[PDB]
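In what follows, a single structure is set out as structure tokens and then discussed.
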Amino acid sequence: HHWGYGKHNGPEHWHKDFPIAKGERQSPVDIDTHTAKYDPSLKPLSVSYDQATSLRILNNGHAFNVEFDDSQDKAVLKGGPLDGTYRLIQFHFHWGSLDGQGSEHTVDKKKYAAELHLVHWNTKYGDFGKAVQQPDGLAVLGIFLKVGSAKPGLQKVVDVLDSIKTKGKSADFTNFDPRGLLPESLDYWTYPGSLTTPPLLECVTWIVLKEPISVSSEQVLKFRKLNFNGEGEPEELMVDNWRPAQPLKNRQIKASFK
Ligand SMILES: Clc1ccc(OCc2nnn[nH]2)cc1
Ligand SMILES: [Zn+2]
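Heads up: the sequence shown runs through residues 3 to 125, 127 to 261, numbered per the entry's author numbering.
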């Protein structure tokens with residue numbers, strides 16, 4: 003498979019190899035703030051990243067992934083809509099060619115410059132590969148980025164990108180603290196959905212924070228110097244690696260806040 007984000011292998015083509023592309027619980031979606039309803043039964047959200055152990059940063063030809071040690075309950079997400087414990091495995095971003103696009107989820111059809119996904123798996128399923136086969140296998144915490152002030156907690160990430168320019172490059176990336184990527188508020192929207200890349204599995208509880216983080220133009224500019232290609236191939240800038248909004252179908256988006 004050679005799926006990607008170009009004219010010839012982009013999101014409108016994915017259904018031919020991945021028919022679940024046209025499924026009943028596909029992501030991302032537009033979040034209509036006037037239709038999402040406050041749900042007073044959501045328990046509080048618990049982001050417990052004090053013991054997070056980052057290992058490595060990888061350019062996989064689709065995004066860059068910061069990977070963590072998930073062999074024990076070191077960094078976990080619990081509470082909110084979630085039953086049980088979800089272990090942080092990695093984070094990555096989706097971004098645009100221009101500051102006015104880049105996010106996957108939209109808010110009243112607004113696109114942000116980028117979107118951060120912190121990916122966690124349900125520890127009751129024992130490993131990540133088993134989890135992705137379950138309707139409640141993953142929890143992805145989504146955080147919008149807007150361009151304004153620099154985010155200091157992002158800069159260690161920006162600064163290593165030069166070293167993983169092309170597909171298949173990785174670098175050691177220890178002692179990175181993902182708490183530095185969080186906004187002040189944990190107010191969120193939640194809905195059931197899917198992975199936003201092939202294989203597009205419908206295994207995700209989405210938790211999308213309402214408060215964006217600000218990053219500087221210089222910071223997002225550096226994302227856009229990455230490459231989708233491997234070393235020694237013609238240069239294709241890693242930009243616009245986002246899937247557009249998919250039909251909501253028979254789903255409700257719940258708000259944690261009034
Ligand atoms: Cl481990 C993993 C890495 C990337 C990835 O990108 C597609 C996606 N992003 N958010 N949900 N699905 C999904 C899972
Ligand atoms: Zn993602």
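Cβ coordinates follow ideal geometry from the N, Cα and C atoms, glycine included.
Start-to-end residues for the beta strand (DSSP E) that takes in residue i
i, result
"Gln53", "Where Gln53 is concerned, there is no enclosing beta strand (DSSP E), given that its DSSP letter is neither H nor E."
"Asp71", "Note, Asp71: premise wrong, no beta strand (DSSP E); not H, not E."
"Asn253", "Note, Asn253: premise wrong, no beta strand (DSSP E); not H, not E."
"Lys9", "Unbroken run through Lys9: none, as it is neither H nor E."
"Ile91", "88-97"
"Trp123", "116-124"
"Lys80", "78-81"
Closer than 6 Å: residue i CB and nearest ligand 1 heavy atom
i, result
"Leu79", "no"
"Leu90", "no"
"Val121", "yes"
"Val160", "no"
"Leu184", "no"
"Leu164", "no"
"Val211", "no"
"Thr108", "no"
"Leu144", "no"
"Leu229", "no"
C-beta contact flag for residue i and residue j at 7 Å
i, j, result
"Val150", "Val223", "yes"
"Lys172", "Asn230", "no"
"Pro250", "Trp5", "no"
"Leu79", "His122", "yes"
"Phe66", "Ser56", "no"
"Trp97", "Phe226", "yes"
"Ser43", "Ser197", "no"
"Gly82", "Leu47", "yes"
"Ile91", "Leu203", "no"
Check: residue i C-beta below 6 Å from any heavy atom of ligand 2
i, result
"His64", "no"
"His17", "no"
Nearest-angstrom beta carbon gap, residue j and residue i [assumed within contact, 8 Å]
i, j, result
"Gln103", "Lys111", "Actually they do not touch by this definition, with Cβ atoms about 12 Å apart."
"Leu118", "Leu148", "6 Å"
"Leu120", "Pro215", "No, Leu120 and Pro215 are not in contact; Cβ-Cβ is about 15 Å, not under 8 Å."
"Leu185", "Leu157", "Actually they do not touch by this definition, with Cβ atoms about 11 Å apart."
"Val143", "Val207", "5 Å"
"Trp209", "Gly145", "6 Å"
"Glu106", "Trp245", "5 Å"
"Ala248", "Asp32", "5 Å"
"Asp75", "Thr125", "7 Å"
"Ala77", "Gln53", "6 Å"
"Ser219", "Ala153", "4 Å"
DSSP bridge partner residues for residue i (one or two, in chain order)
i, result
"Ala174", "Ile59"
"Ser217", "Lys149"
"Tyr194", "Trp209"
"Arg27", "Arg27 pairs with nothing; no bridge assigned."
"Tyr40", "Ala258"
Opening and closing residue of the alpha helix (DSSP H) in which residue i lies
i, result
"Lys159", "158-163"
"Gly132", "131-134"
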